[PDB]
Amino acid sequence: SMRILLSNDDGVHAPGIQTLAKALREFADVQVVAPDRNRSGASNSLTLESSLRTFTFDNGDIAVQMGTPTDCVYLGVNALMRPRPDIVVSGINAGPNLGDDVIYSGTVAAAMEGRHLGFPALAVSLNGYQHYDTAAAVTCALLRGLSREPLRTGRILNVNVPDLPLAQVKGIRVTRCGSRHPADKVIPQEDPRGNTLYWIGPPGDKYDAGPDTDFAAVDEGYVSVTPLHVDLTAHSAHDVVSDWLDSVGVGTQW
């Protein structure tokens, strides 16, 4: 029987995490450790300058007060869940986590804190706000898959589910992260005293959203599965950077 640490970024009160919890609890042992509020956009932020306080609800759900998604899964794996989880599942997020958006994603960051466990961590996002049932069914299928046979490579799976009835989901695609044009919108709003305050605007239009991208798969009505890692190295740039330094004489006398 699977021991699952269930988290998210929308917080313990989100219908996405509550729907998923109910679904997982009929075949696995589930412990929720999640934020006390909506921490969308929290990325892999974590609390270093202060200790963290936990609040427990009547049903055993743990909220970490002011806790980030990373905080929650870190504490869950390393202190709060005993015996330790076999797997971390983060979701179901209200909204997609696609392309270069993933760098900002609390949903994904929560899953990343489960990267050292025996099973790949799952981040699960719904491309909308209606069909949580569909995302729950997809998640359960993946977990049953993992019970059938272990995944040998890939420590985090980023799963995006079309906001459609399950019957309309076309299948599954293994994808890579797409990307957007640079986001540049800032929305000013005056306070009552006439001071200009600034909202972060919507993202840029899709740029890389073709063959084999997560964007394209979801658009076409497929579940997108993208294996992720935490190595941020642009390996392909190595020789260019090295040659550039030599060319401009930085790091060398000659």
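All residue numbers refer to positions in the sequence shown, first residue = 1.
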| property | result |
| --- | --- |
| Mean Cα B-factor comparison, 144 to 152 or 71 to 79, giving the higher one as deposited | 144 to 152 |
| Comparing 219 to 227 with 54 to 62, the one whose average Cα B-factor in the PDB entry is higher | 54 to 62 |
| Third of chain Cα B-factors occupied by residue 4 | highest |
| For residue 31, the third of its chain into which the C-alpha B factor falls | highest |
| Residue 99 by Cα B-factor - lowest, middle or highest third of the modelled chain | middle |
| Lowest, middle or highest third - CA B-factor, residue 186 | highest |
| Chain third (lowest, middle, highest) by recorded CA B-factor, residue given as residue 84 | highest |
